[PDB]
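Residue numbers (our numbering), protein chains in the order written: chain C, 1 to 162; chain R, 1 to 157; chain V, 1 to 156; chain S, 1 to 159.
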Amino acid sequence: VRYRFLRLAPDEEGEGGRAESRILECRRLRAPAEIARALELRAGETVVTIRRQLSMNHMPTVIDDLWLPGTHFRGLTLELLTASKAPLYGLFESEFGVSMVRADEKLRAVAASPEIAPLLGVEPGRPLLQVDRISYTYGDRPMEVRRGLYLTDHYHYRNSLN
Amino acid sequence: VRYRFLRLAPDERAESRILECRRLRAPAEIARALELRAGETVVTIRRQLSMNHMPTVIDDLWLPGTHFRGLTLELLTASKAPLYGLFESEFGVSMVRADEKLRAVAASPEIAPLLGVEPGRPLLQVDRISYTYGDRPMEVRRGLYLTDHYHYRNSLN
Amino acid sequence: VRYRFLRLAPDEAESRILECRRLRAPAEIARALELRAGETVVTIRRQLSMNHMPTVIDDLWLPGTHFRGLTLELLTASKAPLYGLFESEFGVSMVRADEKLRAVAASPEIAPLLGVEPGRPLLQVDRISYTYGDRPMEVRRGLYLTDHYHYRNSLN
Amino acid sequence: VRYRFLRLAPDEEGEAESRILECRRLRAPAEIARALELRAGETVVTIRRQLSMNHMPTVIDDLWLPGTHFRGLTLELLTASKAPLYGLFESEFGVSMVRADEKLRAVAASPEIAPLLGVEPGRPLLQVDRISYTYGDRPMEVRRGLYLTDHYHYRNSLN
Ligand SMILES: [Cl-]
Ligand SMILES: [Cl-]
Ligand SMILES: [Cl-]
Ligand SMILES: [Cl-]
Ligand SMILES: [Cl-]
């Protein structure tokens, strides 16, 4: 299936035109300390980071920043990402054998930063939905940190609660 | 326990105050969400939640009159009870599920002062429909959250 | 990704299609799918195996109007997980599911299909899946053998 | 409100009484120590209790709590309490659960459990093994529940 965790849904009637992904950045770096703690890494551990844009109905809707433990994702390259017709979580499953069983999220409303605003086609200060996620594999092992910034003007985040 | 659906968590306990309580003919949208007849009477409440002495949420709720008859400002403001608990104990309506739609919005001129912010300030808007037994809708609740000290926590399977 | 709703997890999955048939909706099925009475539905029975042993028996009911062309030939011609097929071939994506879980005794009918004795405790998962607009699109009844696997759930 | 995590819902149309069976302090079993992220040999409080609905036994729950945080938890406190257990943990002990992770399976009623649910040994029960978490992902409870799902089911919504 198309999505693992994405809760974007259109405001208007119909099936959510499916998200198109475009990789913006891809680098390896030393984990910032907050990242290393979220991923239960040793200080100084290398992480792969990706920035991507999701677009829906030909309009940018999400800017995602992801951080992955360098250890498990050594094979991850820009060439792989950009050639890949897969959604990221599907890629992590098929190429890297990493399947997420749970995600813990923290949602807030924030102002569009000077850096983010033009990537979403908006003015700085525009309210955006920030979704900070840590995703877990089996045994409560953290394997991804993702911070999403969502422009919720034509789309909402759908949540059912028990 | 203290909370039924509230997902506010500190980045590093809620106190409620009733702003408004009123009975009226259900607006179209409400009648639809609550699956009421046209113009059926509903009770509407506006309320403010604060945490750590600071305003955090404004909620507008709409409830079907026929299940919430005794529901008065007097019952409310004399109530030292959370609203879902009041609905359970006093009215015998327990919620089994809620469906929510979350968005980020600019603080409206109406809401902004109620949260101590400038109009335009980013707020989390949580539109909820709560269901009781039989997939029966019992409440429409629109919440505007100031997320400067608090976030909305969610776990996904 | 591989799964939409499946919560089976190893204490530490291959699908075989048994049937795919059109019939008039049984009453409980038309009610759940909100169909006119006796509306045509497609029903599927399938078996999931994990580690080369049968683990789940699923029965599924889908509205015929949205699943025209959903045949045994298609299901066998195709590689796809059923939810992925419903999205890619039929354009039906599930946004929500409501489930009811019970422990039940393996019925004389189901016990042989899981390789167990009638009476054996099974996890019964009764699901209704919804698409956009809170339209029910699927009724799925699963019976799960939970001797090596459990159903994982996180609660808020 | 009445329930924190309980997902029991009746099969029959429409809209739960607790009785303490056992209570004591013990050295954590190794698996319990691991679930609660305790040091080896830490003391836990353990409670068994019965839930009934419609004046019939429906649930047997076994609970393990960190002895450190739950020093004042006594039998006399429990049986005098008019509160739901999660309500007591909140109000008396300041422990509030933000999340529960569960593992559900169908099991045979054991000779020990069966009499307490009014069933015969071998009857199918739903086992719900739970770890509950407070803020910061700190585990504060292990609960194993055994549910008779003959007139009740476990309701779950999935996104
Ligand atoms: Cl590009
Ligand atoms: Cl008040
Ligand atoms: Cl979920
Ligand atoms: Cl939940
Ligand atoms: Cl007694």
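All C-beta atoms, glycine included, are put in the ideal place defined by N, C-alpha and C.
Residue 53 of chain V burial status per 10 Å Cβ neighbour count (16 or more: buried): With fewer than 16 Cβ atoms within 10 Å of its Cβ, residue 53 of chain V is classed as exposed.
Beta-bridge pairing of residue 22 of chain V - partner residues as DSSP gives them: Partner(s): V/42.
Proximal residues of chain V, C-beta to C-beta of residue 69 of chain S below 9 Å: Here the premise fails: no neighbours, minimum Cβ distance about 21 Å.
Distance, residue 1 of chain S Cα to residue 73 of chain S Cα: About 22 Å.
Extent of the continuous alpha helix (DSSP H) run through residue 88 of chain V: For residue 88 of chain V, the enclosing alpha helix (DSSP H) has its first and last residue at 82 to 90.
Within 8 Å of chain V by C-beta, residues of the segment 102 to 116 of chain C in sequence order: Those residues of the segment 102 to 116 of chain C that come within reach of chain V (Cβ to Cβ, closer than 8 Å) are 102.
Where the segment 113 to 146 of chain C meets chain R: residues whose CB sits under 7 Å from a CB there: Here the close residues are 127, 128, 129.
Selection from V/10, V/43, V/143 that minimises the alpha carbon distance to residue 101 of chain V: Distance from the Cα of residue 101 of chain V is smallest, within the candidate group V/10, V/43, V/143, for V/143.
Helix, strand or coil at residue 128 of chain R according to DSSP, with G and I counted as helix: Here DSSP, grouped into helix, strand and coil, assigns residue 128 of chain R to strand.
Close beta carbons around residue 4 of chain S, own chain, < 7 Å, minus the five adjacent residues each side: For residue 4 of chain S, the CB contacts under 7 Å within the same chain, skipping 5 residues up- and downstream, are 86, 97 in chain order.
Cutoff 9 Å: residue 51 of chain C Cβ touching any chain V Cβ: Using beta-carbon distances, residue 51 of chain C does not count as an interface residue toward chain V, since no partner is under 9 Å.
Pocket of ligand 3 defined by Cβ to heavy atom distance under 7 Å: Going along the chain, the residues that qualify are R/156, R/157, S/158, S/159.
Residue 75 of chain S: CB within 8 Å of a non-hydrogen atom of ligand 5: Because no heavy atom of ligand 5 lies under 8 Å away, the Cβ of residue 75 of chain S does not count as near it: no.
Residue 60 of chain S, enclosing beta strand (DSSP E) - first and last residue: Under the DSSP assignment, residue 60 of chain S falls in the beta strand (DSSP E) whose first and last residues are 56 to 66.
C-beta neighbour in chain S for residue 51 of chain V, strict 9 Å: With 9 Å as the cut-off, residue 51 of chain V does not count as an interface residue toward chain S.
Short CB-CB distance (under 9 Å) between residue 86 of chain V and chain S: It does not; no Cβ of chain S falls within 9 Å.
Residue 132 of chain S versus S/108, S/19, S/32, S/59, residue with shortest Cα-Cα distance: Checking every option, the nearest Cα to that of residue 132 of chain S belongs to S/32.
Limits of the beta strand (DSSP E) - the one that residue 171 of chain R falls within: This structure leaves residue 171 of chain R out entirely; chain R is present only between 1 and 157.
heavy atom of ligand 1 below 8 Å from residue 24 of chain C C-beta: Result yes, Cβ under 8 Å from ligand 1.
Own chain, CB closer than 8 Å to residue 87 of chain C, minus 5 neighbours either side, in chain order: The answer, listed in chain order, is 2, 3, 4, 21.
With 16 other Cβ atoms within 10 Å as the buried cut-off, status of residue 52 of chain R: Counting Cβ neighbours within 10 Å, residue 52 of chain R comes out exposed, since fewer than 16 surround it.
Contact set between residue 152 of chain C and chain R, taken where Cβ atoms lie within less than 7 Å: Within chain R, the residues near residue 152 of chain C are 103, 104.
Assigned secondary structure, residue 49 of chain R (DSSP; H/G/I helix, E/B strand, else coil): Secondary structure at residue 49 of chain R: strand, using DSSP grouped into helix, strand and coil.
Any 3 or more C-beta pairs closer than 8 Å across the segment 7 to 25 of chain V and the segment 36 to 44 of chain V: By the C-beta criterion, the segment 7 to 25 of chain V is judged to be in contact with the segment 36 to 44 of chain V, since at least 3 inter-stretch pairs fall below 8 Å.
Straight-line gap, residue 151 of chain R to residue 7 of chain R (C-alpha atoms, nearest Å): Separation of residue 151 of chain R and residue 7 of chain R (C-alpha to C-alpha, rounded to the nearest whole angstrom) is 8 Å.
8 Å Cβ cut-off: residues of chain C touching residue 24 of chain S: In chain order: nothing, as chain C lies at least about 29 Å away.
Pick from S/13, S/35, S/9 that is closest to residue 130 of chain S, judged by C-alpha positions: Looking at the Cα atoms, S/35 is the closest of the given residues.
Supposed close pair residue 137 of chain V, residue 63 of chain V - CB separation, criterion 8 Å: With a contact defined as Cβ atoms closer than 8 Å, residue 137 of chain V and residue 63 of chain V qualify at about 7 Å.
Top-ranked residue by Cα proximity to residue 71 of chain C, from C/138, C/80, C/96, C/78: Nearest option by C-alpha distance: C/96.
Any C-beta of chain C under 9 Å from that of residue 61 of chain R: No, because no Cβ of chain C sits closer than 9 Å to the Cβ of residue 61 of chain R.
Nearest-angstrom Cα separation, counted from residue 57 of chain V out to residue 217 of chain V: In the structure as shown, chain V starts at 1 and stops at 156, and residue 217 of chain V therefore has no counterpart that could be examined.
Backbone CA spacing between residue 133 of chain R and residue 36 of chain V [nearest angstrom]: A direct Cα-Cα distance of roughly 24 Å separates residue 133 of chain R from residue 36 of chain V.
Limits of the beta strand (DSSP E) - the one that residue 113 of chain R falls within: Unbroken run through residue 113 of chain R: none, as it is neither H nor E.
Minimum Cβ-Cβ distance from residue 37 of chain C to chain S less than 9 Å: By this cut-off, residue 37 of chain C is not an interface position.
Contact check, residue 148 of chain R vs residue 97 of chain R, beta carbons under 9 Å: It is not a contact, given that the beta carbons lie outside the stated cut-off.
Range covered by the alpha helix (DSSP H) that runs through residue 33 of chain S: DSSP places residue 33 of chain S in the uninterrupted alpha helix (DSSP H) bounded by 30 to 35.
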